[PDB]
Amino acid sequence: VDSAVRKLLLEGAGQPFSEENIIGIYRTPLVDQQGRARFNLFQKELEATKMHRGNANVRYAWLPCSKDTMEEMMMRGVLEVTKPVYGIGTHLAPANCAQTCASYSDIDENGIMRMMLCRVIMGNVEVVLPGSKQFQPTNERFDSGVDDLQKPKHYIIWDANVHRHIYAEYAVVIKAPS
């Protein structure tokens, strides 16, 4: 559903955003450089995790972006991550924490923030400690990390899974407020 982006952005959490703050919302490319349909690949990965774990645990999440990394996606279908003290991996904010991902993302010279709404295959999650140097699942039973099992504020995707479990779906460009 197209409305889900503004749904999460404007009315989602306690802190809202305004339409004037949204510079752009854009779909990501359908194929990567090598012509593979990106959504179909993600569906394939979704089915594989579902069959292995019993549930794929697909979430919406916000990926902090720089100008360059958004360009890699929007020009070439390539996923690049910018450098969240919870392990060595890709850190994402839960769907309702766009303001948190906003407060934890960079603001450039033109007063602009960038982020991407992704569907993420999390699979089985475990706790990652703050300041942890973890870079992979603890053991074969887990796939991804959270900072808190009851009240997650951060999702963590390990390097080995970034190219198969993160599907960037919308690019979002926001003007710093007022």
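Residue numbers here begin at 1 and follow the sequence given.
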| item | value |
| --- | --- |
| Gap size between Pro84 and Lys83, counted in deposited residues that the entry leaves unmodelled | 4 to 9 |
| Of 46-54 and 26-34, the stretch whose C-alpha atoms average the higher B-factor in the entry | 26-34 |
| Greater mean Cα temperature factor according to the PDB record, 84-92 or 67-75 | 84-92 |
| Criterion, highest CA B-factor; candidates, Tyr167, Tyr170, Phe17, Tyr155 | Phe17 |
| Third of the chain, ranked by Cα B-factor, where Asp148 sits | middle |
